[PDB]
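These notes concern the structure reproduced below.
Each chain gets a letter, A, B and so on, in the order the sequences are listed, and its residues count up from 1.
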Amino acid sequence: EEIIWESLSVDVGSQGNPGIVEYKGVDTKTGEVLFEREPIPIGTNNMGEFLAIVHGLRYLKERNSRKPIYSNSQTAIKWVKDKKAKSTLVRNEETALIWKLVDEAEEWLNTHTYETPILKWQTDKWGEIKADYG
RNA sequence: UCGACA
DNA sequence: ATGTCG
Ligand SMILES: [Mg+2]
Ligand SMILES: [Mg+2]
């Protein structure tokens with residue numbers, strides 16, 4: 001039913017899938033951009049959606065913030081709950097970068113605790129997530 | 001069937 | 001329109 005305005009919204013942006021991946025986190029209320037990751041030459045949508053949520057967890061934890069995080073990605077929300085990113089992306093020299101980030105994010109989740117609620121953004125009811133690249 | 005990314 | 005990540 002209602003939107004928690006006091007929250008962080010994250011989203012992935014890509015050119016191709018697999019292709020160039022970036023992601024960002026914004027204040028759900030204002031759209032202020034709080035963080036934006038530099039483009040990764042090759043990655044998948046779901047790897048970027050996963051990295052964006054874990055980045056968000058780290059970002060809120062470091063700031064002593066209890067805000068929830070919104071993502072529109074059912075996949076990535078589950079990966080974070082599992083502490084495991086089940087991506088099909090081949091491992092090679094070109095995908096080394098994003099696979100290192102993904103392994104590091106998983107290791108962060110295995111070494112830290114959080115109470116942050118990770119919430120599904122209801123695109124069908126509320127329109128595009130406010131972190132959308134549009 | 002559904003959630004995304006193009 | 002057609003394609004890929006889940
Ligand atoms: Mg998304
Ligand atoms: Mg989007």
Using atom [atom1] of [X] as one end and atom [atom2] of [N] as the other, report the distance to the nearest whole Å.
{"X": "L51(A)", "N": "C5(B)", "atom1": "CG", "atom2": "P", "answer": "15 Å"}
{"X": "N72(A)", "N": "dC5(C)", "atom1": "CG", "atom2": "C1'", "answer": "13 Å"}
{"X": "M47(A)", "N": "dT4(C)", "atom1": "CE", "atom2": "P", "answer": "17 Å"}
{"X": "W99(A)", "N": "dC5(C)", "atom1": "CH2", "atom2": "P", "answer": "12 Å"}
{"X": "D11(A)", "N": "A4(B)", "atom1": "CG", "atom2": "P", "answer": "9 Å"}
{"X": "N17(A)", "N": "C5(B)", "atom1": "CG", "atom2": "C1'", "answer": "5 Å"}
{"X": "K78(A)", "N": "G3(B)", "atom1": "NZ", "atom2": "P", "answer": "17 Å"}
{"X": "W79(A)", "N": "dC5(C)", "atom1": "CH2", "atom2": "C1'", "answer": "8 Å"}

Does anything in [range] form a salt bridge (charged side-chain N to carboxylate O under 4.0 Å, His left out)? List the pairs, not counting sequence neighbours.
{"range": "residues 120-129 of chain A", "answer": "none"}
{"range": "residues 97-109 of chain A", "answer": "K84(A)-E106(A), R91(A)-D103(A)"}
{"range": "residues 44-71 of chain A", "answer": "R66(A)-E115(A)"}

Quiz item: Partners of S7(A) by side-chain hydrogen bond (donor to acceptor under 3.5 Å, both in side chains), sequence neighbours excluded?
Solution: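 Only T28(A) meet the side-chain hydrogen bond (donor to acceptor under 3.5 Å, both in side chains) criterion with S7(A).
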Quiz prompt | With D132(A) via side-chain hydrogen bond (donor to acceptor under 3.5 Å, both in side chains) - residues at least two apart | solution =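 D132(A): no side-chain hydrogen bond (donor to acceptor under 3.5 Å, both in side chains) contacts found.
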Quiz item: Contact class for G13(A) vs. all strands (heavy atom < 4.0 Å): base, sugar-phosphate, or nothing?
Solution: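 Sugar-phosphate contact only.
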Exercise. Give one of base, sugar-phosphate or nothing for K120(A), where a contact means two heavy atoms less than 4.0 Å apart.
Key: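 Sugar-phosphate: the residue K120(A), judged by heavy atoms under 4.0 Å, touches backbone atoms but no base.
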Quiz item: Under the 4.5 Å side-chain heavy-atom rule for ILVMFWY, direct or indirect, which residues accompany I4(A)?
Solution: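 Members besides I4(A), by chain and number: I3(A), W5(A), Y70(A), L119(A), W121(A), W126(A), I129(A).
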Practice problem: Return the nearest nucleotide to the side chain of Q74(A); candidates are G3(B), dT4(C), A6(B). | Solution: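 Nearest listed nucleotide: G3(B).
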Self-check item: By side chain to side chain contact (heavy atoms under 4.5 Å, CB included) - contacts of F35(A) (at least two apart)
Solution: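 Result, side chain to side chain contact (heavy atoms under 4.5 Å, CB included) vs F35(A): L8(A), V10(A), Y23(A), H55(A), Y59(A).
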Quiz item: So which of residues 123-134 of chain A are in contact with RNA chain B, with a heavy-atom cut-off of under 4.0 Å?
Solution: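 Listed by number, they are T123(A).
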Quiz prompt | Members of residues 22-33 of chain A that approach RNA chain B, where some heavy atom sits under 4.0 Å away | solution =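 Result for residues 22-33 of chain A: none.
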Exercise. Let me know, please, whether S73(A) or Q15(A) comes out on the 5' side of the other along RNA chain B by nearest nucleotide.
Key: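 Nearer the 5' end of the strand: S73(A).
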Quiz item: Can you tell me if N17(A) uses its side chain to pair, donor with acceptor, with the backbone of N45(A) under 3.5 Å?
Solution: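 A pair under 3.5 Å: yes.
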Quiz item: Are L60(A) and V54(A) connected, step by step, through hydrophobic side chains (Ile, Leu, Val, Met, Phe, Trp, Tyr) whose heavy atoms are closer than 4.5 Å?
Solution: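 Yes, one cluster joins them.
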